[PDB]
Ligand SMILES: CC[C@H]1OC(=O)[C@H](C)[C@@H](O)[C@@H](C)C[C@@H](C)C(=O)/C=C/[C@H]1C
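Presented as structure tokens, the chain that follows is alone, the form deposited without the ligand.
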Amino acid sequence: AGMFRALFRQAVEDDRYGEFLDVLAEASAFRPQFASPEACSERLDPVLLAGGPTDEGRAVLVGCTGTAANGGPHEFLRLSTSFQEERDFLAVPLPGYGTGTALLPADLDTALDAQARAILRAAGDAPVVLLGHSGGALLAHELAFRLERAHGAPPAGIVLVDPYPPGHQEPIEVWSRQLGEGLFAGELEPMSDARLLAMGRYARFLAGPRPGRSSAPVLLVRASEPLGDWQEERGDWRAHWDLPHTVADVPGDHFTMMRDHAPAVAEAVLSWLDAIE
């Protein structure tokens, strides 16, 4: 399709994923934006992917879509099947990826607020537990902090699946070629240039300094196999979070933990949710 995808393919071929993500971030400043949560063009209505049991007061799980330009509403499909008959699971879209092409958020807080309003409509009064994978894990925690402080609705918990926060990103930078190759392997259609610009823009959002820590307890779910090669002498390659409530290790790598081994992730989540309520 478009030139950004062709350039990005070349960048991954030449092992320069990070350099090209910076180009996408810079280019993204020239796309139409939205600066107030109200100015948002898309409907961020969460999609119900699994139903809980017929009852009460139980937490609903909200999946926070990650930044992958090849992603979208299919991200949590495999995982959600293990929640059927256990928990409601809602998937909330990320602003800037839809349709027409969606406006990009002016800053992260503008996108988080538009998500927070959509989640509060769909969840009604049930307690909310957020879940995210990789960059979606970072976004789930930033959203949890936004719901606390700007919307007076603190979530009951956060599930961070393989997060690599600023200061602990080194292994995911070393494996950046595998991230890029996984984006192309995961194409169900050619990544549009609009979505690659969204991906670059959110990546830069989530690299910045964001000191707030949510008060909600954190479940840290970690892959057990490394995504690529790794020298023992470089230390621990694993995902990381500061002071998690619970830590769970599941089979698979950064990618296959949410595919072939998604049931192991679901079981860690379900046990944790029962414990904390």
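For every residue, the number given is its place in the sequence shown, counted from 1.
Not pictured, yet referred to below: the form solved in complex with the ligand.
Asker: For the interface check, one of 113-121, 135-143, 100-108, 83-91 should have non-hydrogen atoms within 4.5 Å of the ligand in the deposited bound form; which one?
Answerer: It is the stretch 135-143.
Asker: At the 4.5 Å heavy atom threshold, is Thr67 in contact with the ligand in the deposited bound form?
Answerer: The answer is yes: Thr67 has a heavy atom within 4.5 Å of the ligand.
Asker: Using the partner position in the deposited bound form, report whether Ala203 sits within 4.5 Å of the ligand, counting heavy atoms only.
Answerer: Yes - in the deposited bound form, heavy atoms of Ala203 and the ligand come within 4.5 Å of each other.
Asker: My question is simply whether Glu173 lines the interface with the ligand in the deposited bound form - judged by any non-hydrogen atom within 4.5 Å.
Answerer: Judged by the heavy-atom cut-off of 4.5 Å, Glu173 is in contact with the ligand in the deposited bound form.
Asker: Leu77 versus the ligand, in the deposited bound form: is there a non-hydrogen atom within 4.5 Å?
Answerer: Close contact is absent here: in the deposited bound form, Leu77 is far from the ligand, nothing within 4.5 Å, heavy atoms only.
Asker: Does anything in 35-65 come within 4.5 Å of the ligand in the deposited bound form by heavy atoms, and if so which residues, in order?
Answerer: Residues within 4.5 Å: none in this stretch.
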